[PDB]
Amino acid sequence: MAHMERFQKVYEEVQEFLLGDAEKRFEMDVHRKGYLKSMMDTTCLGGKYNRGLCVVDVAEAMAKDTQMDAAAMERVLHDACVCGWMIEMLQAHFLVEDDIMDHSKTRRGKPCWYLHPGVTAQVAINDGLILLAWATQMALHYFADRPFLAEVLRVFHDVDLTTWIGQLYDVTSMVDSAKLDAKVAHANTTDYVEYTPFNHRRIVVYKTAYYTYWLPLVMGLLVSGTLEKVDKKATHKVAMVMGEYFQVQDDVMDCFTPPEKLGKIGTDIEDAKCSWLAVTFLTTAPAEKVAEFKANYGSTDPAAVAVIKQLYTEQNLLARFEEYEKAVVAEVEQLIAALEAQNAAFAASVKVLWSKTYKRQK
């Protein structure tokens, strides 16, 4: 990737600043610094870097479009790499906490952070919070004399909130919303009434699309000072369309992609999740198959999990995804053409992002 080399160099720079800053400010000892170095390395690395690299892709596109000289371009790209590492650290925080919440086994081909024996969910909750804090630390340090600092913090913290609200919708999706009460313990759904297209879209837009698609594009525009050059409404719309699709892919892959290729072991079936597969099944399958699904979903019994996957296969859900994917492309292309008519440089950076997304395998 055009910016991978720079991006990794900035990771080591940022890691040195953050660890050294903790030493200076908090009387950090060598052992806990070493712990935090390895924590950062394990939680922030080993992914695709789609979000972080997007920021740099956009910023370079926009920096070229506005003809910045050598010194201005060097700054924009370094600032873009820092913003990209903010998002990757936000992501690290999201997955550390999510892996605890989902009680998962593997992340990026390694044990989940909390499942490292010298960590535990207790310490991992804390570690995830330090990761979130470091993201803001980077902006506060590197962007201290940038007029865009305020705008960066504003969009970052809006998206952070958006994501946890999406997580709220996700964790409570197998509970009949009317039964949702802090004071009263309640069973998980047996009727699946709220497993609707609307409810799935609500979950995936807020939990995924804002931080995976909207945030990187906006940060890229912010650090290059070109946010005013683009149609903000069209940008938001293509970010929502692509992000929803990205999460639909993730949902499909939970069931149909071997965990070793994916790097993680999804338990959407065991955990009765309102996934794209479950919702599309429940709204398109015949009555008896809907009934058999309800008797088998949300169970840790391998035999029950096998029935769900056979039911999904029978209902041709992979073919239904292919047709959904076809519609997404038509919609993405139209939105990108609208963007291109206004700023071809930005539209091209949206094409890069879409290219990394469309028909991805992990």
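Numbers follow the displayed sequence, beginning with 1.
As listed in the deposited structure, the average C-alpha B-factor of 317 to 325 and of 22 to 30 is greater for 317 to 325.
Here 237 to 245 and 168 to 176 are compared by their mean Cα B-factor, and 168 to 176 comes out higher.
The residue among 222, 153, 92, 285 whose C-alpha carries the highest B-factor in the deposited model is 285. When the C-alpha B factors of 139, 262, 269, 112 are read from the deposited coordinates, the top value falls at 262. Per-chain ranking of the deposited C-alpha B factor places residue 15 in the lowest third. For residue 41, the recorded CA B-factor ranks within the lowest third of the chain. Only modelled residues enter the ranking.
In the PDB entry, residue 192 places in the highest third of its chain by CA B-factor. Among the modelled residues of its chain, residue 330 has a C-alpha B-factor that falls in the highest third, as given in the PDB entry. Placement of the Cα temperature factor of residue 55 within the chain: lowest third of the modelled residues, per the deposited record.
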